[PDB]
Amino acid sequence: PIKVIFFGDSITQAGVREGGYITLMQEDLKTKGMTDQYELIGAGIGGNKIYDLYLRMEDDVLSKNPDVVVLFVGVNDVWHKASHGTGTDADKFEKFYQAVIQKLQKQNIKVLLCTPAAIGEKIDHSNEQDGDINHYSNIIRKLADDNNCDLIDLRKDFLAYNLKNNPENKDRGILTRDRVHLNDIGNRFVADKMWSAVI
């Protein structure tokens, strides 16, 4: 069975609980009789930034000899500039990110890259940190091309879904519960986009 590890933050940590996006994917395998073809594992820790991934990467990922690692990190590297003054510089973000990919590919792991979903679901580019979120999504998109990795563009997916389903321009409640972390519908949404890119 192809061993897939999701490596990331709280979205990913909460992804293995009930109704989390990884759990939903596991159940889809069960009902589609494909449990023998894939093992999905979550390796997420709340508040993780890209350098945190680099620090725990040997124990939590490489030691498990996965076939596929999906990188779902970036949101905190921006968010924490406003919340704690401890976000990640844009140049070092790309540096740490690239070094994480080069270690994964050196193990012949297939790596996929996720852009951050959201900090606020408002549709008029008025969420306080939309600008860094788009900027760091751009970095991730360049990294995907530079390293020949498939891209899972949740930033793009979340924006497009919100234009179709947020007529009253709410800041949360569409795919997020609190502007960042997912609700039920958002967990199912992300599961679909992961399934398409991975299964």
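A residue's number is simply how far along the shown sequence it sits, counting from 1.
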| query | finding |
| --- | --- |
| Mean Cα B-factor comparison, 28-36 or 161-169, giving the higher one as deposited | 28-36 |
| Segment of higher mean CA temperature factor, 103-111 or 119-127 | 103-111 |
| Member of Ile140, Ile50, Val61, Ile133 with the greatest C-alpha B factor (per the PDB record) | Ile140 |
| Third assignment of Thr86 from its chain's C-alpha B-factors | lowest |
| CA B-factor placement of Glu18, once the chain's modelled residues are sorted into thirds | highest |
| Chain-wide C-alpha B factor ranking for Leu151, given as lowest, middle or highest third | lowest |
